[PDB]
Structures are given as C-alpha cells and as structure tokens.
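Asker: Contents are PDB, C-alpha atoms and all ligand atoms; file name target14.pdb:
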```
ATOM      1  CA  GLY A  24      32.581  31.971  38.596
ATOM      2  CA  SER A  25      35.827  32.055  40.594
ATOM      3  CA  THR A  26      35.151  35.396  42.280
ATOM      4  CA  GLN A  27      31.685  34.029  42.939
ATOM      5  CA  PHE A  28      32.917  30.902  44.678
ATOM      6  CA  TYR A  29      35.136  33.013  46.809
ATOM      7  CA  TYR A  30      32.248  35.243  47.953
ATOM      8  CA  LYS A  31      30.037  32.202  48.429
ATOM      9  CA  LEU A  32      32.453  30.246  50.548
ATOM     10  CA  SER A  33      33.425  33.291  52.577
ATOM     11  CA  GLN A  34      29.742  33.842  53.449
ATOM     12  CA  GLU A  35      29.209  30.144  54.232
ATOM     13  CA  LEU A  36      32.188  30.254  56.601
ATOM     14  CA  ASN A  37      30.878  33.480  58.153
ATOM     15  CA  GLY A  38      27.375  32.102  58.760
ATOM     16  CA  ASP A  39      28.682  28.876  60.350
ATOM     17  CA  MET A  40      31.110  30.854  62.563
ATOM     18  CA  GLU A  41      28.421  33.268  63.765
ATOM     19  CA  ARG A  42      26.597  30.196  65.144
ATOM     20  CA  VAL A  43      29.758  28.666  66.631
ATOM     21  CA  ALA A  44      30.605  31.971  68.368
ATOM     22  CA  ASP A  45      27.048  32.211  69.681
ATOM     23  CA  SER A  46      27.368  28.685  71.057
ATOM     24  CA  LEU A  47      30.729  29.326  72.704
ATOM     25  CA  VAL A  48      29.292  32.398  74.405
ATOM     26  CA  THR A  49      26.348  30.493  75.671
ATOM     27  CA  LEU A  50      28.416  27.601  76.998
ATOM     28  CA  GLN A  51      30.553  30.153  78.867
ATOM     29  CA  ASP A  52      27.478  31.903  80.193
ATOM     30  CA  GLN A  53      26.243  28.572  81.593
ATOM     31  CA  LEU A  54      29.591  27.830  83.248
ATOM     32  CA  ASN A  55      29.510  31.294  84.843
ATOM     33  CA  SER A  56      25.908  30.699  85.986
ATOM     34  CA  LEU A  57      26.633  27.241  87.383
ATOM     35  CA  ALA A  58      29.860  28.287  89.066
ATOM     36  CA  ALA A  59      27.999  30.904  91.164
ATOM     37  CA  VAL A  60      25.741  28.130  92.475
ATOM     38  CA  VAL A  61      28.670  25.765  93.102
ATOM     39  CA  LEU A  62      30.586  28.381  95.025
ATOM     40  CA  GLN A  63      27.533  29.398  97.053
ATOM     41  CA  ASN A  64      27.232  25.667  97.863
ATOM     42  CA  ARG A  65      30.926  25.665  98.941
ATOM     43  CA  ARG A  66      30.478  28.737 101.170
ATOM     44  CA  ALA A  67      27.439  27.093 102.805
ATOM     45  CA  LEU A  68      29.511  23.961 103.406
ATOM     46  CA  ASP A  69      32.382  26.058 104.819
ATOM     47  CA  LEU A  70      29.979  27.432 107.396
ATOM     48  CA  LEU A  71      28.467  24.028 108.249
ATOM     49  CA  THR A  72      31.931  22.559 108.717
ATOM     50  CA  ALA A  73      33.511  25.649 110.279
ATOM     51  CA  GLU A  74      34.116  23.947 113.627
ATOM     52  CA  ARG A  75      36.271  21.533 111.637
ATOM     53  CA  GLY A  76      38.086  24.188 109.603
ATOM     54  CA  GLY A  77      35.776  24.412 106.621
ATOM     55  CA  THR A  78      35.151  22.001 103.758
ATOM     56  CA  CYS A  79      38.653  20.868 102.813
ATOM     57  CA  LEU A  80      39.965  20.462 106.358
ATOM     58  CA  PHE A  81      36.677  18.729 107.278
ATOM     59  CA  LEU A  82      37.395  16.146 104.565
ATOM     60  CA  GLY A  83      41.140  15.894 105.130
ATOM     61  CA  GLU A  84      41.730  17.069 101.542
ATOM     62  CA  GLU A  85      43.596  19.790  99.705
ATOM     63  CA  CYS A  86      41.036  22.310  98.498
ATOM     64  CA  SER A  87      39.876  22.148  94.920
ATOM     65  CA  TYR A  88      39.542  25.622  93.473
ATOM     66  CA  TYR A  89      37.616  26.714  90.397
ATOM     67  CA  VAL A  90      39.638  28.550  87.790
ATOM     68  CA  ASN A  91      37.325  30.782  85.770
ATOM     69  CA  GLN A  92      38.527  31.365  82.279
ATOM     70  CA  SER A  93      35.636  33.332  80.773
ATOM     71  CA  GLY A  94      38.160  35.984  79.701
ATOM     72  CA  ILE A  95      39.899  33.553  77.355
ATOM     73  CA  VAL A  96      36.714  32.332  75.670
ATOM     74  CA  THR A  97      35.256  35.805  75.456
ATOM     75  CA  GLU A  98      38.486  36.975  73.779
ATOM     76  CA  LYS A  99      38.544  34.138  71.231
ATOM     77  CA  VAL A 100      34.861  34.748  70.345
ATOM     78  CA  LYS A 101      35.437  38.444  69.787
ATOM     79  CA  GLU A 102      38.454  37.584  67.581
ATOM     80  CA  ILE A 103      36.289  35.200  65.541
ATOM     81  CA  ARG A 104      33.622  37.897  65.165
ATOM     82  CA  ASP A 105      36.377  40.365  64.093
ATOM     83  CA  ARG A 106      37.526  37.901  61.467
ATOM     84  CA  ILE A 107      33.977  37.559  60.158
ATOM     85  CA  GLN A 108      33.637  41.304  59.903
ATOM     86  CA  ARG A 109      37.047  41.666  58.305
ATOM     87  CA  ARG A 110      36.250  39.131  55.558
ATOM     88  CA  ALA A 111      33.002  40.913  54.786
ATOM     89  CA  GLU A 112      34.766  44.266  54.975
ATOM     90  CA  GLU A 113      37.462  43.157  52.561
ATOM     91  CA  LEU A 114      34.964  41.966  50.032
ATOM     92  CA  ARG A 115      33.062  45.289  50.382
ATOM     93  CA  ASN A 116      36.030  47.649  50.353
TER      94      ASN A 116
ATOM     95  CA  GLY B  24      40.184  23.777  38.854
ATOM     96  CA  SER B  25      37.869  26.507  40.168
ATOM     97  CA  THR B  26      34.824  24.265  40.568
ATOM     98  CA  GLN B  27      37.205  21.819  42.199
ATOM     99  CA  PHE B  28      38.465  24.290  44.773
ATOM    100  CA  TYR B  29      34.934  25.157  45.606
ATOM    101  CA  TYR B  30      33.982  21.510  46.255
ATOM    102  CA  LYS B  31      37.216  20.964  48.153
ATOM    103  CA  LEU B  32      36.858  23.913  50.462
ATOM    104  CA  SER B  33      33.176  23.247  51.041
ATOM    105  CA  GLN B  34      34.034  19.699  52.184
ATOM    106  CA  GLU B  35      36.921  20.926  54.359
ATOM    107  CA  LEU B  36      34.557  23.392  56.043
ATOM    108  CA  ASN B  37      31.940  20.651  56.458
ATOM    109  CA  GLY B  38      34.367  18.179  58.051
ATOM    110  CA  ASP B  39      35.733  20.770  60.514
ATOM    111  CA  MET B  40      32.180  21.880  61.441
ATOM    112  CA  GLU B  41      30.970  18.319  62.044
ATOM    113  CA  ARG B  42      33.696  18.087  64.724
ATOM    114  CA  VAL B  43      32.916  21.522  66.184
ATOM    115  CA  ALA B  44      29.198  20.638  66.417
ATOM    116  CA  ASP B  45      30.072  17.327  68.061
ATOM    117  CA  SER B  46      32.204  19.198  70.588
ATOM    118  CA  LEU B  47      29.532  21.785  71.355
ATOM    119  CA  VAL B  48      27.036  18.998  71.984
ATOM    120  CA  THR B  49      29.373  17.234  74.292
ATOM    121  CA  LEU B  50      30.235  20.352  76.276
ATOM    122  CA  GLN B  51      26.491  20.953  76.718
ATOM    123  CA  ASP B  52      25.935  17.358  77.739
ATOM    124  CA  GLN B  53      28.597  17.764  80.447
ATOM    125  CA  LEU B  54      27.034  20.988  81.739
ATOM    126  CA  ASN B  55      23.661  19.218  81.921
ATOM    127  CA  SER B  56      25.292  16.266  83.729
ATOM    128  CA  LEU B  57      27.179  18.461  86.188
ATOM    129  CA  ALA B  58      24.229  20.738  86.857
ATOM    130  CA  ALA B  59      22.129  17.771  88.082
ATOM    131  CA  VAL B  60      24.836  17.019  90.654
ATOM    132  CA  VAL B  61      25.171  20.682  91.671
ATOM    133  CA  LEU B  62      21.453  21.055  92.172
ATOM    134  CA  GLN B  63      21.195  17.790  94.107
ATOM    135  CA  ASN B  64      23.994  19.236  96.283
ATOM    136  CA  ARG B  65      21.915  22.445  96.721
ATOM    137  CA  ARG B  66      18.766  20.505  97.683
ATOM    138  CA  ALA B  67      20.789  18.519 100.248
ATOM    139  CA  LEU B  68      22.132  21.787 101.656
ATOM    140  CA  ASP B  69      18.607  23.269 101.740
ATOM    141  CA  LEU B  70      17.553  20.384 103.947
ATOM    142  CA  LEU B  71      20.614  20.608 106.223
ATOM    143  CA  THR B  72      20.056  24.329 106.680
ATOM    144  CA  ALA B  73      16.253  24.201 106.724
ATOM    145  CA  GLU B  74      16.010  25.375 110.334
ATOM    146  CA  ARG B  75      17.774  28.502 109.089
ATOM    147  CA  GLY B  76      15.647  28.952 105.965
ATOM    148  CA  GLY B  77      17.689  26.950 103.496
ATOM    149  CA  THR B  78      21.041  27.664 101.866
ATOM    150  CA  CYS B  79      20.760  31.328 100.900
ATOM    151  CA  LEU B  80      19.085  32.509 104.102
ATOM    152  CA  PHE B  81      21.576  30.378 106.081
ATOM    153  CA  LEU B  82      24.405  32.350 104.451
ATOM    154  CA  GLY B  83      22.707  35.745 104.503
ATOM    155  CA  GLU B  84      22.933  35.883 100.691
ATOM    156  CA  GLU B  85      20.652  36.339  97.716
ATOM    157  CA  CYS B  86      20.260  32.956  96.054
ATOM    158  CA  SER B  87      22.335  32.177  93.011
ATOM    159  CA  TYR B  88      20.279  30.321  90.441
ATOM    160  CA  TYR B  89      21.491  28.254  87.504
ATOM    161  CA  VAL B  90      20.157  29.299  84.130
ATOM    162  CA  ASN B  91      20.209  26.307  81.794
ATOM    163  CA  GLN B  92      20.596  27.257  78.200
ATOM    164  CA  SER B  93      20.914  23.856  76.520
ATOM    165  CA  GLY B  94      18.090  24.889  74.173
ATOM    166  CA  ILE B  95      20.194  27.673  72.670
ATOM    167  CA  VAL B  96      23.267  25.515  72.057
ATOM    168  CA  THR B  97      21.223  22.611  70.786
ATOM    169  CA  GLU B  98      19.511  24.989  68.331
ATOM    170  CA  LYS B  99      22.773  26.490  67.046
ATOM    171  CA  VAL B 100      24.284  22.998  66.557
ATOM    172  CA  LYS B 101      21.289  21.799  64.583
ATOM    173  CA  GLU B 102      21.509  24.966  62.432
ATOM    174  CA  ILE B 103      25.199  24.270  61.776
ATOM    175  CA  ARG B 104      24.380  20.671  60.825
ATOM    176  CA  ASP B 105      21.600  21.994  58.512
ATOM    177  CA  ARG B 106      24.107  24.285  56.853
ATOM    178  CA  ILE B 107      26.489  21.377  56.312
ATOM    179  CA  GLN B 108      23.744  19.334  54.733
ATOM    180  CA  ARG B 109      22.567  22.246  52.625
ATOM    181  CA  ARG B 110      26.048  22.861  51.173
ATOM    182  CA  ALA B 111      26.381  19.196  50.287
ATOM    183  CA  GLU B 112      22.832  19.171  48.948
ATOM    184  CA  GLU B 113      23.478  22.183  46.747
ATOM    185  CA  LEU B 114      26.556  20.656  45.248
ATOM    186  CA  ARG B 115      24.605  17.404  44.615
ATOM    187  CA  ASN B 116      21.400  18.916  43.265
TER     188      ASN B 116
ATOM    189  CA  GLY C  24      43.244  34.314  41.007
ATOM    190  CA  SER C  25      41.568  30.930  41.539
ATOM    191  CA  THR C  26      44.565  29.277  43.196
ATOM    192  CA  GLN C  27      44.810  32.447  45.245
ATOM    193  CA  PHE C  28      41.242  32.279  46.494
ATOM    194  CA  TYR C  29      41.793  28.719  47.461
ATOM    195  CA  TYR C  30      44.881  29.560  49.556
ATOM    196  CA  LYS C  31      43.116  32.579  51.016
ATOM    197  CA  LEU C  32      39.994  30.772  52.085
ATOM    198  CA  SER C  33      41.942  27.810  53.414
ATOM    199  CA  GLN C  34      43.944  30.176  55.654
ATOM    200  CA  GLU C  35      40.804  32.045  56.757
ATOM    201  CA  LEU C  36      39.214  28.725  57.734
ATOM    202  CA  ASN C  37      42.414  27.682  59.527
ATOM    203  CA  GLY C  38      42.673  30.908  61.544
ATOM    204  CA  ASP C  39      39.006  30.782  62.631
ATOM    205  CA  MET C  40      39.335  27.085  63.597
ATOM    206  CA  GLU C  41      42.487  27.659  65.657
ATOM    207  CA  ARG C  42      40.386  30.046  67.791
ATOM    208  CA  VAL C  43      37.402  27.679  67.964
ATOM    209  CA  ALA C  44      39.679  24.803  69.063
ATOM    210  CA  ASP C  45      41.285  27.050  71.672
ATOM    211  CA  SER C  46      37.826  27.934  72.970
ATOM    212  CA  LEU C  47      36.643  24.329  73.108
ATOM    213  CA  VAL C  48      39.740  23.404  75.095
ATOM    214  CA  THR C  49      39.187  26.184  77.517
ATOM    215  CA  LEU C  50      35.513  25.390  78.044
ATOM    216  CA  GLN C  51      36.530  21.785  78.785
ATOM    217  CA  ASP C  52      39.250  22.933  81.142
ATOM    218  CA  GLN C  53      36.655  24.962  83.073
ATOM    219  CA  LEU C  54      34.257  22.012  83.289
ATOM    220  CA  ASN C  55      37.110  19.858  84.619
ATOM    221  CA  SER C  56      38.024  22.596  87.131
ATOM    222  CA  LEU C  57      34.442  23.116  88.284
ATOM    223  CA  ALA C  58      33.670  19.415  88.489
ATOM    224  CA  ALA C  59      36.497  18.896  91.030
ATOM    225  CA  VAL C  60      34.864  21.517  93.261
ATOM    226  CA  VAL C  61      31.375  20.047  92.778
ATOM    227  CA  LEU C  62      32.539  16.569  93.653
ATOM    228  CA  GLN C  63      34.497  17.782  96.680
ATOM    229  CA  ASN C  64      31.220  19.470  97.716
ATOM    230  CA  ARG C  65      29.405  16.111  97.232
ATOM    231  CA  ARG C  66      31.983  14.199  99.307
ATOM    232  CA  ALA C  67      31.647  16.794 102.094
ATOM    233  CA  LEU C  68      27.868  16.380 101.965
ATOM    234  CA  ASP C  69      28.223  12.571 102.016
ATOM    235  CA  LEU C  70      30.124  12.891 105.270
ATOM    236  CA  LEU C  71      27.670  15.380 106.814
ATOM    237  CA  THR C  72      24.757  13.121 105.930
ATOM    238  CA  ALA C  73      26.542   9.825 106.586
ATOM    239  CA  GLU C  74      24.270   8.891 109.491
ATOM    240  CA  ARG C  75      21.475   9.038 106.922
ATOM    241  CA  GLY C  76      23.310   7.098 104.211
ATOM    242  CA  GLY C  77      24.985   9.953 102.390
ATOM    243  CA  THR C  78      23.565  12.652 100.130
ATOM    244  CA  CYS C  79      21.142  10.731  97.922
ATOM    245  CA  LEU C  80      19.668   8.549 100.665
ATOM    246  CA  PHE C  81      19.472  11.653 102.900
ATOM    247  CA  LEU C  82      17.279  13.300 100.250
ATOM    248  CA  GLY C  83      15.298  10.208  99.286
ATOM    249  CA  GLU C  84      16.606  10.521  95.709
ATOM    250  CA  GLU C  85      18.447   8.435  93.156
ATOM    251  CA  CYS C  86      21.994   9.753  92.952
ATOM    252  CA  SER C  87      22.904  12.092  90.145
ATOM    253  CA  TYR C  88      26.334  11.270  88.790
ATOM    254  CA  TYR C  89      28.617  13.445  86.689
ATOM    255  CA  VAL C  90      29.723  11.937  83.410
ATOM    256  CA  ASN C  91      33.027  13.495  82.377
ATOM    257  CA  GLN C  92      33.525  13.560  78.674
ATOM    258  CA  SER C  93      36.777  15.514  78.354
ATOM    259  CA  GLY C  94      38.148  12.649  76.242
ATOM    260  CA  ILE C  95      35.577  13.269  73.514
ATOM    261  CA  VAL C  96      36.176  17.021  73.297
ATOM    262  CA  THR C  97      39.922  16.639  73.520
ATOM    263  CA  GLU C  98      39.761  14.129  70.642
ATOM    264  CA  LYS C  99      37.614  16.362  68.418
ATOM    265  CA  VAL C 100      39.930  19.356  69.046
ATOM    266  CA  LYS C 101      43.016  17.369  68.132
ATOM    267  CA  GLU C 102      41.239  16.179  64.949
ATOM    268  CA  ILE C 103      40.408  19.790  64.056
ATOM    269  CA  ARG C 104      44.036  20.801  64.648
ATOM    270  CA  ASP C 105      45.141  17.837  62.452
ATOM    271  CA  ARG C 106      42.847  19.051  59.704
ATOM    272  CA  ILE C 107      44.327  22.542  59.937
ATOM    273  CA  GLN C 108      47.820  21.152  59.663
ATOM    274  CA  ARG C 109      46.854  18.847  56.822
ATOM    275  CA  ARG C 110      45.384  21.698  54.743
ATOM    276  CA  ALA C 111      48.524  23.751  55.247
ATOM    277  CA  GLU C 112      50.664  20.695  54.561
ATOM    278  CA  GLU C 113      48.841  19.956  51.326
ATOM    279  CA  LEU C 114      49.286  23.458  50.062
ATOM    280  CA  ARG C 115      53.015  23.291  50.986
ATOM    281  CA  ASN C 116      53.774  19.819  49.665
TER     282      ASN C 116
HETATM  283 CL    CL A 201      28.100  21.931  94.095
END
```
Translate the structure of the given file into structure tokens.
Answerer:
Amino acid sequence: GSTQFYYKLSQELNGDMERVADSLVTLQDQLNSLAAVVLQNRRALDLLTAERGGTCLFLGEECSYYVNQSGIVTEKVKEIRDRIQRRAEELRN
Amino acid sequence: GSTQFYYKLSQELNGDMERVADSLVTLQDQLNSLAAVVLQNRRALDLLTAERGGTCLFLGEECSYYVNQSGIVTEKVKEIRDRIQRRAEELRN
Amino acid sequence: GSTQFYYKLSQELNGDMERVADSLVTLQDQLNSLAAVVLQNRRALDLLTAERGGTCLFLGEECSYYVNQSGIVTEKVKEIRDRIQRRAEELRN
C-alpha cells in the first residue's frame, strides 16, 4: 500500500503538528501574560525611582526594553495550520 | 522500496519531533524559572508600596496577573512523545 | 508514485519544520529579551532594598534565580535545521 503509506504518514505529520502549533501558541500566550506583569513592575519602579530619573537612570544603566514578537510566532503557527489543512485538502480533492 | 520509505519517513518525523518536544519543554522550563523571579519582584514591590495599597493601587492600574499554562504545554509534549512511541511500536508489532 | 510520495512527504515535513524552528527561535529570543528587563527590575529592587539586604532578604525569602537555557533551544533548532538539510541533501546526492 503505497498510496496508503502516503495517507498514513501525512496524517501522522498533521496530528503531531497540531500539537506543536498548540504548544507554540500557548508558550506565546504565557510570554504575553508574563510581559504585562514585568512591565507593570517596571512602571512601578519608574515611579519609585522618579526622583532619580526612573529605573535605568536610577541604576546608571542603559534601559533594557522588551521586544514582543507575538506577531512572528502567531504567523508561523497559522502557516503550519494552513499546511495541515492543505495536505488534507489535497488528499480529499 | 515502499515499505522502506514508510519506515524511513516515520523515523525522520520521530527524530525531528523528539527535538521539537525537547525544545518546547525547555522553553516552558524557562518561563517557569523567569516567572518565579518576576513574581518575587512583584511581592517586593507590593511591600515597598504597601502604604499605597501595593503595586497596582500605587500605580492607579488594574493588576496584571500571570497565567501559568505549563500544564497545557507539558500535556501536548507528552502526547507528541506518545505518538512517537506509537509509530515505532506499530512498526515493531 | 512511491518515490514521488517519499519526496513529497519529505518536503512537507521540511517546510513544516522550517516554521517550527523559526518559532522556537523567536520564543527564545523573547525570553532573552524579557529576562533582561526582569533582571534590570531585580537589580533596581536590590538597590531600593539595600538597607535591608536586597530583594530576597527584604522579603524574608530564598532568592529565586532565572536559569537561562537559550543554549539548549538554540542547539535543538540547529539540529532540526541540519536534519532538514540532510534529507534534502540525501534526495539530491
Ligand atoms: Cl519583573
């Protein structure tokens, strides 16, 4: 069964990738969640150290800034999910 | 070799997915690690701003809260690892 | 087309895994980015609570420490990308 092994493997791939995509989304969701807390912490610190110019000036450091890249991961996930659907679609016609 | 291409591709899939699962676990481990530091930071801030009602009241903001979803990622990883084992198991009988 | 299904599935796998690897890298990049902010926050707190021994002593807690594991994820990604290249290479000779 050649045809058969092709369908089989395509569905194995698809079922693994559904779980990977799910995981990627959830890891990104947790970064987004955690970042809101971290930046609320930073704003609180900026107020506490305002007399000294806020957190970075207070320390005598260049500011570290968070670069949120949820857009990239979200895009890659949706592309993976498209590829899953396309493989199934192609087998279906 | 049809049979052969099926075994081959199944093992390629399995070896890629072992590394993906490993990565997902490690990303989750780092979120868990980092979150403990962020929340210790928050508790410290809640004490420093206690006279003002803690961090959120001090800022005049609704609190941001971290939603830990390690359970979801852990579950998806273990499901991926089950699927790896099942494919190998099926080829073995 | 047995040969054909083997090439096809190998390239499907490869194109999904390129996007997974990309995602893993980006999730790690965001952890690295966020961790710099969290630890700058911690250092600021250590100064504010220095009279009390820094953040952990101030709270009466054992310190929580961030364990960065970018090296692990970076390694797994590069291994996945090697496996992609090797599959293509093998089909090419
Ligand atoms: Cl923080």
Asker: Where does chain B end up after superposition onto chain A over all in-order Cα pairs? Give it as a short mmCIF file (atom, residue, chain, number, x, y, z; two decimals) with C-alpha atoms, keeping the file's coordinate frame.
Answerer:
```cif
data_model
loop_
_atom_site.label_atom_id
_atom_site.label_comp_id
_atom_site.auth_asym_id
_atom_site.auth_seq_id
_atom_site.Cartn_x
_atom_site.Cartn_y
_atom_site.Cartn_z
CA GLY B 24 32.58 31.97 38.60
CA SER B 25 35.83 32.06 40.59
CA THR B 26 35.15 35.40 42.28
CA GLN B 27 31.69 34.03 42.94
CA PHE B 28 32.92 30.90 44.68
CA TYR B 29 35.14 33.01 46.81
CA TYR B 30 32.25 35.24 47.95
CA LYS B 31 30.04 32.20 48.43
CA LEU B 32 32.45 30.25 50.55
CA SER B 33 33.42 33.29 52.58
CA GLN B 34 29.74 33.84 53.45
CA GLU B 35 29.21 30.14 54.23
CA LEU B 36 32.19 30.25 56.60
CA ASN B 37 30.88 33.48 58.15
CA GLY B 38 27.38 32.10 58.76
CA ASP B 39 28.68 28.88 60.35
CA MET B 40 31.11 30.85 62.56
CA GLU B 41 28.42 33.27 63.77
CA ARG B 42 26.60 30.20 65.14
CA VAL B 43 29.76 28.67 66.63
CA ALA B 44 30.60 31.97 68.37
CA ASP B 45 27.05 32.21 69.68
CA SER B 46 27.37 28.68 71.06
CA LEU B 47 30.73 29.33 72.70
CA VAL B 48 29.29 32.40 74.41
CA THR B 49 26.35 30.49 75.67
CA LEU B 50 28.42 27.60 77.00
CA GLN B 51 30.55 30.15 78.87
CA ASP B 52 27.48 31.90 80.19
CA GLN B 53 26.24 28.57 81.59
CA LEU B 54 29.59 27.83 83.25
CA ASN B 55 29.51 31.29 84.84
CA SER B 56 25.91 30.70 85.99
CA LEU B 57 26.63 27.24 87.38
CA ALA B 58 29.86 28.29 89.07
CA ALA B 59 28.00 30.90 91.16
CA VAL B 60 25.74 28.13 92.48
CA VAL B 61 28.67 25.77 93.10
CA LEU B 62 30.59 28.38 95.03
CA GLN B 63 27.53 29.40 97.05
CA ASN B 64 27.23 25.67 97.86
CA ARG B 65 30.93 25.66 98.94
CA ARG B 66 30.48 28.74 101.17
CA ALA B 67 27.44 27.09 102.81
CA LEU B 68 29.51 23.96 103.41
CA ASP B 69 32.38 26.06 104.82
CA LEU B 70 29.98 27.43 107.40
CA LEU B 71 28.47 24.03 108.25
CA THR B 72 31.93 22.56 108.72
CA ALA B 73 33.51 25.65 110.28
CA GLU B 74 34.12 23.95 113.63
CA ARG B 75 36.27 21.53 111.64
CA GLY B 76 38.09 24.19 109.60
CA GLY B 77 35.78 24.41 106.62
CA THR B 78 35.15 22.00 103.76
CA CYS B 79 38.65 20.87 102.81
CA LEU B 80 39.96 20.46 106.36
CA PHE B 81 36.68 18.73 107.28
CA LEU B 82 37.39 16.15 104.56
CA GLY B 83 41.14 15.89 105.13
CA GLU B 84 41.73 17.07 101.54
CA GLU B 85 43.60 19.79 99.71
CA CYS B 86 41.04 22.31 98.50
CA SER B 87 39.88 22.15 94.92
CA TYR B 88 39.54 25.62 93.47
CA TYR B 89 37.62 26.71 90.40
CA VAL B 90 39.64 28.55 87.79
CA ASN B 91 37.32 30.78 85.77
CA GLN B 92 38.53 31.37 82.28
CA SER B 93 35.64 33.33 80.77
CA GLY B 94 38.16 35.98 79.70
CA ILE B 95 39.90 33.55 77.36
CA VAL B 96 36.71 32.33 75.67
CA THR B 97 35.26 35.80 75.46
CA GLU B 98 38.49 36.98 73.78
CA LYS B 99 38.54 34.14 71.23
CA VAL B 100 34.86 34.75 70.34
CA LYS B 101 35.44 38.44 69.79
CA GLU B 102 38.45 37.58 67.58
CA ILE B 103 36.29 35.20 65.54
CA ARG B 104 33.62 37.90 65.17
CA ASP B 105 36.38 40.37 64.09
CA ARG B 106 37.53 37.90 61.47
CA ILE B 107 33.98 37.56 60.16
CA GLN B 108 33.64 41.30 59.90
CA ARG B 109 37.05 41.67 58.30
CA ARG B 110 36.25 39.13 55.56
CA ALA B 111 33.00 40.91 54.79
CA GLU B 112 34.77 44.27 54.98
CA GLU B 113 37.46 43.16 52.56
CA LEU B 114 34.96 41.97 50.03
CA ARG B 115 33.06 45.29 50.38
CA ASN B 116 36.03 47.65 50.35
#
```
Asker: Would you write out, as a PDB file with C-alpha atoms, in the frame of the given file, every residue that the PyMOL selection byres ((chain B) within 7 of (chain A and not hetatm)) captures in this file?
Answerer:
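Below you can see out.pdb, which holds the result:
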```pdb
ATOM      1  CA  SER B  25      37.869  26.507  40.168  1.00  0.00           C
ATOM      2  CA  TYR B  29      34.934  25.157  45.606  1.00  0.00           C
ATOM      3  CA  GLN B  51      26.491  20.953  76.718  1.00  0.00           C
ATOM      4  CA  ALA B  58      24.229  20.738  86.857  1.00  0.00           C
ATOM      5  CA  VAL B  61      25.171  20.682  91.671  1.00  0.00           C
ATOM      6  CA  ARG B  65      21.915  22.445  96.721  1.00  0.00           C
ATOM      7  CA  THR B  78      21.041  27.664 101.866  1.00  0.00           C
ATOM      8  CA  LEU B  82      24.405  32.350 104.451  1.00  0.00           C
ATOM      9  CA  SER B  87      22.335  32.177  93.011  1.00  0.00           C
ATOM     10  CA  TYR B  88      20.279  30.321  90.441  1.00  0.00           C
ATOM     11  CA  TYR B  89      21.491  28.254  87.504  1.00  0.00           C
ATOM     12  CA  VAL B  90      20.157  29.299  84.130  1.00  0.00           C
ATOM     13  CA  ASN B  91      20.209  26.307  81.794  1.00  0.00           C
ATOM     14  CA  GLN B  92      20.596  27.257  78.200  1.00  0.00           C
ATOM     15  CA  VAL B  96      23.267  25.515  72.057  1.00  0.00           C
ATOM     16  CA  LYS B  99      22.773  26.490  67.046  1.00  0.00           C
ATOM     17  CA  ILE B 103      25.199  24.270  61.776  1.00  0.00           C
TER      18      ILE B 103
END
```
Asker: Could you check how far CA of residue 110 in chain B sits from CA of residue 115 in chain A, in Å to one decimal?
Answerer: 23.5 Å
Asker: Work out how far apart CA of residue 107 in chain C and CA of residue 37 in chain C are and give it in Å to one decimal.
Answerer: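 If I compute the distance from CA of residue 107 in chain C to CA of residue 37 in chain C, I get 5.5 Å.
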Asker: Using all atoms of range 63-80 of chain C listed in the file and a margin of 4 Å per side, can you give the axis-aligned box centre and edge lengths in Å to one decimal, as lines of an AutoDock Vina configuration file?
Answerer:
```
center_x = 27.1
center_y = 13.3
center_z = 103.1
size_x = 22.8
size_y = 20.4
size_z = 20.8
```
Asker: Would you work out the distance separating CA of residue 76 in chain B from CA of residue 69 in chain A, expressed in Å to one decimal?
Answerer: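 Computing it gives 17.0 Å between the two atoms.
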